[PDB]
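Let me begin by presenting the structure, written as structure tokens, before commenting on it.
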Amino acid sequence: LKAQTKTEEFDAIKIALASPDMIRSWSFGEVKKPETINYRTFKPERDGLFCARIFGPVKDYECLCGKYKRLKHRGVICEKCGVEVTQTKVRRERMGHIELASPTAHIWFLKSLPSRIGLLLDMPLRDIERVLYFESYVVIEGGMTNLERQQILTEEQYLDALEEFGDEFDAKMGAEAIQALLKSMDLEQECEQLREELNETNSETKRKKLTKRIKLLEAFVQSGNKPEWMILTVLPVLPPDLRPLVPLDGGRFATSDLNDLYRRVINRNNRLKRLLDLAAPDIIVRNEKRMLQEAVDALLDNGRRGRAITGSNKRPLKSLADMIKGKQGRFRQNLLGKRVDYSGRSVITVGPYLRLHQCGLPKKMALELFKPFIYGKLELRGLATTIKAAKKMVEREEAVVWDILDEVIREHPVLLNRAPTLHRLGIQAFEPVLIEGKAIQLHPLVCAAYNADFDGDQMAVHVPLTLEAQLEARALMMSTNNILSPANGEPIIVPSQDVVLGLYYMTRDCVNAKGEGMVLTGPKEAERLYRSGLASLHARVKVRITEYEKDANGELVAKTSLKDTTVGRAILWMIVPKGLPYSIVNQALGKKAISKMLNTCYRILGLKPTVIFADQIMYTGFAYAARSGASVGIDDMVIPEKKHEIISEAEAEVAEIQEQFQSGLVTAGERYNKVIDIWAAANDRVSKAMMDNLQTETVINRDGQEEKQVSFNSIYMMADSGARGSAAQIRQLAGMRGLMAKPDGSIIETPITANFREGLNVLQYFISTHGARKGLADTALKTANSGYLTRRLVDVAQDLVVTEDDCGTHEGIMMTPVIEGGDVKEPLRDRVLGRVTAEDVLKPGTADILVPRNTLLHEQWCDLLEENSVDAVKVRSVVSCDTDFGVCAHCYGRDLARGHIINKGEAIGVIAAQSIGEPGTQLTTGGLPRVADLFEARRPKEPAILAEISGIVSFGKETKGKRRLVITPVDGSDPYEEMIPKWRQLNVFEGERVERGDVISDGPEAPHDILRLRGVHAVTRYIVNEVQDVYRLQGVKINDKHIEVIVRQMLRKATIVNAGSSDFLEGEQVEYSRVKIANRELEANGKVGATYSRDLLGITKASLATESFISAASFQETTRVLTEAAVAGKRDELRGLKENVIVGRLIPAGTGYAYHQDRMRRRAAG
Amino acid sequence: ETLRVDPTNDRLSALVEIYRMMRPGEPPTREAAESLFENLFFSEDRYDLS
Amino acid sequence: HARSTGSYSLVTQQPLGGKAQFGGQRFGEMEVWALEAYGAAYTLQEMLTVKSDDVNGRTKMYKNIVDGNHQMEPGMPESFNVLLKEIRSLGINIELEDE
Amino acid sequence: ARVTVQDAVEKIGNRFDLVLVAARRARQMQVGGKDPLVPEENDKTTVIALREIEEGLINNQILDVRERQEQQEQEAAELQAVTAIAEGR
Amino acid sequence: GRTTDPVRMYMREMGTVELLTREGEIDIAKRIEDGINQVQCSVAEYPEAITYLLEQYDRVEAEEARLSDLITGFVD
Ligand SMILES: [Mg+2]
Ligand SMILES: [Zn+2]
Ligand SMILES: [Zn+2]
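Protein chains in written order, with the authors' numbering: chain A, 8 to 931, 1135 to 1376; chain B, 349 to 398; chain C, 1244 to 1342; chain D, 2 to 90; chain E, 92 to 167.
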């Protein structure tokens, strides 16, 4: 089959240097004049930056002169002024060129940090520039006389050398010289000679540089690039419409700066040509050449020499490099953002009536949004003659169109998004409900996922146009399909505030209330008792209930009994579906328990019942909370009666210590510490006073004299339930608030003795102000830090996607409870949950396998593990996965918004990064910067040192600034001797044996070490446990998984030790390497296989290396990436997410994973 | 010890090193260095603390 | 604010309000990642190709939206297509290989 | 409406391939080539396809089979027409 | 040194050239006169250079050209 010629759907992309002829290929004509437009008739002057002949017709399908105006005439080149009449769009396409008189250096290859022309010629930059400016002469192909090939000479020196040797010696200057150098260069010979020289001499200094350079050279050879091309003969001109002259209001014009630049390059160029034909003196033509160099440089990339300024305006004119780079840090117009059709936004409101799967959509918004659908549907049923008439109909807002809109809306989800999108729940799909009014209504249960308050936050809507988008939205981005955080299996649909105050007030009990002690047949007549006003909502009562347990095999058991409960719990029970026990509603139902209700419901009955349950819980929560008449008065906040006395005694303490300072019994600092301690203790006292009084002081009577229970006071119920408020803020309300701190970090020794219930005076408020401002500043900053972190994270992961199904390795990490110093800072059950066993696990006795090799451990398996005493389970992790270029689903875990095992093709790196990043706002060496330090691998300030090798050690030599430590292995050779500075207090025992990785000193340790000495599992364990320490200290739930994938991406590269295929010390992919030595172990060489050493790269460092250059050009420094890729002729195959997003095709993950796979296998095949 | 790191000797020398500091790369002149240095903090025109 | 199909920017063809008929909402990097976490490729492609940057795909889409056929024949986003010309304007040859 | 797609995800494992298959079928209905396999409630083709997945009468295997049959159904029609192209000789 | 900024590498490059004396100008101009007059005389010694001018003037009177396209005028 004939392969093809014209447009197919392309794969990969290539980048390289451009030949003069190659540049001429693109060019459809030479621009010979600086002229733009005629100045009266605004038509393009021919052969100028804007030209109809070279580039294209000014108006569609029309010749410039106007002779051929007919759409029939097309491939015709006009006889008057040749313009092929074609759409004006081709003026956005067709390029041009300029033939430069003298050769010119391309600023990108001159000034890139490792100057390409420089290190290709093994010549310094300053020399090359000194030669370019005609400030000295340089030799080329010196022959055998007196002189080196790359040697530089002066005027007098060149003259003398010329007098001595006329021929068989050669020297030039300027651009032509450098081009002569590059053209004369023979890379192959250099290769041979350098290999020889590499072999002969042994010095680290010599052969390091030697091998680096030979590698560079052979790379450039394999590229297909010939060095001369770094010097520009021909200069391409960008299409006119990409730098337009287009008119404005008031008859004014506006144009891109490139014109101003290009024009210059033309003028000077032309002038230079003139200066040749007039036979000008050298001093002149030289100046003109330099000027041409400067102009071209300014055109390509401005700012690397002089920074030319635009006409009449100080602001420096934007060059082509600045066009490519873009701005707002690193953003390429895909990255910063892109405007999108079929969308909208507005202020959002509540809408509690909504089911969890829908959202209120303003009528007008839905009208303008679905407009094309409405047009098509109106004439589909024939209510409109034509599309025009349809427009007139909906524009008139005729009454009939609203129903048609009701039709086009029904099954057709819309995407809702909020401003700070962090995790994937920042965008969710909903079913539109047509609503009068201009505000968007959003289901309350979802308000948690968006982090959306009602204080005027706005949300944006997007319409899923294509069918695939409708089904993606409904089956993926749908609200009901994500009930669980991807970070941890806990429900994100958890009831927020009003609702939980509702259920809390519902199931609670006071000591004596109407209907106390009586008995009822069932919840129905319990509610019937309540609504009629006979029985109180909360009273201790026995009622018959029928609960269910599915504990049979897939089968619901039933049992009935008399339960001792309250009226409220009885009424609430009506909602609880099926197989849930009555035990769950029989408690007080706080925000914590009310969550575990939904959770258990999900892990038992499945999705649908959990959804409908949650909805019901919300509705009843709101209803009953409204019934409750909960409120807040000024007398709802109770100050301790003993406050003033505490203040007084604590006030005696300070004057005591003060009297002791007056008599010198105590030093100033010790005094300060003392007084501060007494005030702090006082604060604690008042807090634990008001806490007791506020909490238990309801003292009430049942049938006897008295009894006392937990208070029914409003603010207490609020803080206790988990609705809103907390012991700290309550403490600030009634008891005194804190001891503030002055800006320098010190803490004022006279706290705020008053509170908010009382008044604060001038001083106390002024002092509170600093705390406030620092609070706002700090939080607003930590937002940015979080964002930056997520950025680095997704950059380092991204393309990691579940690819294979099972790599099939027994490998994994040993999972134990975290067990820190006290009892169990986190259990085993949470650590191993939803993960998969590496190998079968024992009972205390054996040949009895409870869990069989690799099996998803769900709640039942973990509970079965809990029944038995098993303290340890080895678990497969994403870090140990044998699969190359991705993760097998078998190694990942089940975790998702769904409880089933992770799907094939879901992109895990991104969700991992998001999962780590979203909570980062809540984080407070320690803290968020501690996390950033961790993922960046950074060696700490005052690190410890670990024993290089096991065996008995001792101290050796003396004090030079290092007192040497000599290690003595039992069997093996001694020679390892480490130089440890002796002014650092040691740990290691002079007479004791130390295992490798022991403490030879104290302080934190660099994970590079932990990886090298302790091993891979050790280092990943250190990272995960430390970062998890940071997060868990703040109360943040993040599964170890995500952190583990981040870690895997950190360790992607390693450095070889042995040999037999590739180079010695190269940092390289362990995917590539391991697949190569697994390939080498058999066939090939029998075994030549090479040993490597795993390396640890920080996230920002690991994100640096990416095969795809289009990807790198996005988030890295654009200029350098483009150059550095362009020299090697690097060929980007795409294959990743970022690059495919940039080029605008299907993501090689998720829904798209089917396509790419089908394409990936078709590639490199029959 | 500040003097020991001082490359200059006399007034003209210092003025040269100052003028070549402010407007470098171009050949210094006596009248130029004097004019500049007098024009910086000592001229009623180019300087005011008010 | 709401927009279906409005005016478009000249320099790069992108949605822009010229009538005080508002330019579309800006779909950023974070929103892209959000789409990437979900398995939705087509929502994202339609987001950055047909709904915005494709001077062909947008109209060809509109006609299908009215015809009752929900599909997309995406083509190449004009941003990247311009970037090609910008890169190639230098001494850099950037090509689209194979088939 | 279809509130949760979970049952369909049960019927075909991947859940991305669910979107794909349901899409393909939804187009078999939307572009008018075929008719629903189950009562349309006013559910748009989007949801009809999902109902078809849930009831287990539609997935990738079934579809590929049907289409592969239709190829021969047309190849049956054109049988004389294309053999009349013996002008190739 | 060289601060780049090509204005400078010009300014310093021309500044080497020494100003002309009032006599030197006349010397140089005289040199010019000598040089040119040599090529003029060398042209006068070429037969084809003459015959060409003849064949051209025969074309001028034949209306195949104009007097402006041959001579700018003679001495006179
Ligand atoms: Mg807010
Ligand atoms: Zn014409
Ligand atoms: Zn694996």
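Ideal Cβ positions, reconstructed from N, Cα and C, are used throughout, including at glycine.
Distance cut-off 8 Å: residue i Cβ against heavy atoms of ligand 1
{"i": "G782 of chain A", "result": "no"}
{"i": "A446 of chain A", "result": "no"}
Proximity test, residue i beta-carbon vs ligand 3 heavy atom, cut-off 8 Å
{"i": "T810 of chain A", "result": "no"}
{"i": "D891 of chain A", "result": "no"}
{"i": "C888 of chain A", "result": "yes"}
{"i": "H897 of chain A", "result": "yes"}
{"i": "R1224 of chain A", "result": "no"}
{"i": "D1250 of chain A", "result": "no"}
{"i": "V894 of chain A", "result": "yes"}
{"i": "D134 of chain A", "result": "no"}
Heavy atom of ligand 2 within 8 Å of residue i beta-carbon
{"i": "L71 of chain A", "result": "yes"}
{"i": "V1353 of chain A", "result": "no"}
{"i": "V90 of chain A", "result": "yes"}
{"i": "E86 of chain A", "result": "yes"}
{"i": "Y75 of chain A", "result": "yes"}
Proximity test, Cβ basis, 9 Å: residue i and chain A
{"i": "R16 of chain D", "result": "yes"}
{"i": "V130 of chain E", "result": "no"}
{"i": "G1261 of chain C", "result": "no"}
{"i": "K12 of chain D", "result": "no"}
{"i": "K1328 of chain C", "result": "yes"}
Contact list for residue i against chain E, beta-carbon separation under 9 Å
{"i": "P372 of chain B", "result": "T94"}
C-beta neighbour in chain E for residue i, strict 9 Å
{"i": "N294 of chain A", "result": "yes"}
{"i": "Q164 of chain A", "result": "no"}
{"i": "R312 of chain A", "result": "yes"}
Chain B contact residues for residue i, given Cβ-Cβ distances below 9 Å
{"i": "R99 of chain E", "result": "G373 and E374"}
Below-9 Å beta-carbon distance, residue i vs any chain C residue
{"i": "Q7 of chain D", "result": "no"}
{"i": "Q31 of chain D", "result": "yes"}
{"i": "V501 of chain A", "result": "no"}
Residue i: contacting residues in chain A (beta-carbon distance under 7 Å)
{"i": "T1292 of chain C", "result": "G1354"}
{"i": "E104 of chain E", "result": "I290"}
C-beta neighbour in chain D for residue i, strict 9 Å
{"i": "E1293 of chain A", "result": "no"}
{"i": "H364 of chain A", "result": "yes"}
Cβ-based neighbour list, residue i, same chain, cut-off 6 Å, excluding 5 preceding and 5 following
{"i": "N1307 of chain C", "result": "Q1314"}
Residues that residue i contacts on chain D, provided the C-beta gap is smaller than 7 Å
{"i": "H1313 of chain C", "result": "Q31"}
{"i": "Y1363 of chain A", "result": "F17"}
Neighbourhood of residue i by C-beta distance below 8 Å, restricted to the same chain and skipping five residues each side
{"i": "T317 of chain A", "result": "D264, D267, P323 and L324"}
{"i": "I119 of chain E", "result": "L111"}
Own chain, CB closer than 7 Å to residue i, minus 5 neighbours either side, in chain order
{"i": "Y148 of chain E", "result": "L161"}
{"i": "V134 of chain E", "result": "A140"}
Cross-chain neighbours of residue i in chain A, by beta carbon under 9 Å
{"i": "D44 of chain D", "result": "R417 and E418"}
Chain-ordered chain D contacts of residue i [CB-CB under 8 Å]
{"i": "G1282 of chain C", "result": "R16, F17 and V20"}
{"i": "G1360 of chain A", "result": "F17"}
- Item | Any residue whose CB is nearer than 6 Å to a heavy atom belonging to ligand 1, listed in chain order | Every residue passing the under-6 Å Cβ criterion appears here: A:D460, A:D462 and A:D464.
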